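Chain and residue survey
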Amino acid sequence: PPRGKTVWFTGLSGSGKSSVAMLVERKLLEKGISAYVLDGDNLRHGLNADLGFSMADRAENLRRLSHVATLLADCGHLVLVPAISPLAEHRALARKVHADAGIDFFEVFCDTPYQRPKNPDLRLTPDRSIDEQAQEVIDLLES
Amino acid sequence: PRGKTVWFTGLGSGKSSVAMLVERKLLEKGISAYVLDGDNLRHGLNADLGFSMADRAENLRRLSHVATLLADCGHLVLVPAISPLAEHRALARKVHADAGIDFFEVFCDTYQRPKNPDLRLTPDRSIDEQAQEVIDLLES
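Residues numbered from 1 in each chain as written, not as in the entry; some residues may be left out. Chains lettered and ligands numbered in written order. Heavy atoms only, no water.

The name that the PDB entry assigns to chain B is Bifunctional enzyme CysN/CysC, with the source organism given as Mycobacterium tuberculosis.

Chain A goes by Bifunctional enzyme CysN/CysC in the PDB entry, where it is assigned to Mycobacterium tuberculosis.

1. Describing the UniProt feature "active site" in chain B
Residue and element names in this part refer to chain B. Our working definition: UniProt positions are given in the numbering used here, feature names are shortened, and annotations may be inferred rather than shown by experiment. Strands here are runs of E lasting at least two residues and helices are runs of H or I lasting at least four, both read from the DSSP assignment and numbered beginning at the N terminus. We call two residues in contact whenever any of their non-hydrogen atoms come within 4.5 Å of each other.
With numbering aligned to this structure, UniProt lists the feature "active site" at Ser83. If you trace the backbone, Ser83 turns up in the loop between strand 3 (76-80) and helix 4 (86-99). If near-sequence neighbours (up to four positions away) are discounted, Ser83 is found in contact with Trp7, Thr9, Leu60, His88, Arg89 and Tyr111.

2. Focus: the pairing of strand 1 (residues 4-9) of chain B
Two faces make up the sheet, and in a regular strand the side chains alternate between them. All names here are of chain B. What counts is decided by this rule: Think of it in three bands: residues with accessible area under 20% of the maximum for their type are buried, residues over 50% are exposed, and the middle band is partly exposed, with areas taken using a 1.4 Å probe on protein chains only. A pair of strands counts as paired when DSSP detects no fewer than two bridges linking them.
Of all six residues in strand 1, five are buried; the element is thus mostly enclosed. Looking at chain direction, strand 1 and strand 3 are connected through five bridges and run parallel. Bridged to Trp7 within strand 3 is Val79. Across five bridges, strand 1 lies against strand 4 (residues 103-108) in parallel orientation. Directly across from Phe8, in strand 4, lies its bridge partner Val106.

3. Here we look at the interface of chain A and chain B
In plain terms, the rule: Values labelled buried area give the accessible surface lost by two parts on being combined, using a 1.4 Å probe and summing over both. Salt bridge, as used here, is a side-chain nitrogen of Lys or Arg placed within 4 Å of a carboxyl oxygen of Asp or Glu. Polar contact criterion, stated in full: a pair of N or O atoms within 3.5 Å, where within protein one must be able to donate a hydrogen and the other to accept it, and residues adjacent in sequence count only if both atoms are side-chain atoms. We call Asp, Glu, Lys and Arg charged. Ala, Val, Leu, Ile, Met, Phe, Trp, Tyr, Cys and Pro are nonpolar, and the rest, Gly among them, are polar.
Contacts between the two partners involve 17 residues from chain A and, on the opposite side, 15 residues from chain B. Each partner contributes to the roughly 1400 Å² buried at the junction of chain A and chain B, and carbon and sulfur atoms together form 69% of this total. Together, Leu47, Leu71 and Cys75 of chain A form the three largest contributors to the area buried by chain A at its contact with chain B, with a combined 36%. Counting across the interface, chain A meets chain B through four salt bridges. Of the charged contacts in the structure, one is a salt bridge between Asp50 of chain A and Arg61 of chain B, with a shortest N-O distance of 3.8 Å. At the junction of chain A and chain B, the tally comes to nine residue pairs in polar contact. When residues in the side of chain A that touches chain B are grouped by element, the largest group, eight residues, is from helix 3 (residues 55-74) of chain A. For the side of chain A that touches chain B, the class distribution of residues is nine nonpolar, three polar and five charged.

Structure (structure tokens):
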């Protein structure tokens, strides 16, 4: 069965990660693509209910989130992950988990101890409308 | 359209074989089935866990949530479980009920024996017939 891919959105709270991810989801579902917004905050209620909010627990939450993304992508989904992921190592580990799974991984930086990504696939900035920004993610996936 | 979980339990009892053959037959019919293997999850998602009593319980708790997540995404989730104890199965069941996902317990007979499974698979049955019995349950 077909395999999906992951778009990982990193950036400070208030940078529009969840808004953009949700609009991309809607636009992809209209396309007939099984898109899915994977939010770590939701996972915290069930799967990840053992974790707290220490830095170590946040790293672990993200490590787990990257494996849930590869699992959903293995199941065919276009996974959209809005996660602050402030450390480069958070994003590097998620990238490595995807490489090992053979799942394509796109990093989108929603720009405003946050370590700024040097080489994202796409950098979004607040001049543009959320609709425009969503279309830029869509253009990235279709390129 | 929400999926469902089939939870296979038993001792070599043919659990992973029936789970795989059901997946294959469902995939041929255009049904999005998926075999969710706890040991595979231990190499990735659950790589933080050891093998203590508490760890084995946590591994099952997490597996049950992964199943509900996948079923919520529309998959028919097939779980060749290592869940010898009744309380294990009960926890998995409760997770599914709390999520509003239908849960089917399939006992691959040959450890606390299931008292009230949806289906009992008997070892005299050719594994084509066993998988077909599972599919018939799912299609009824």
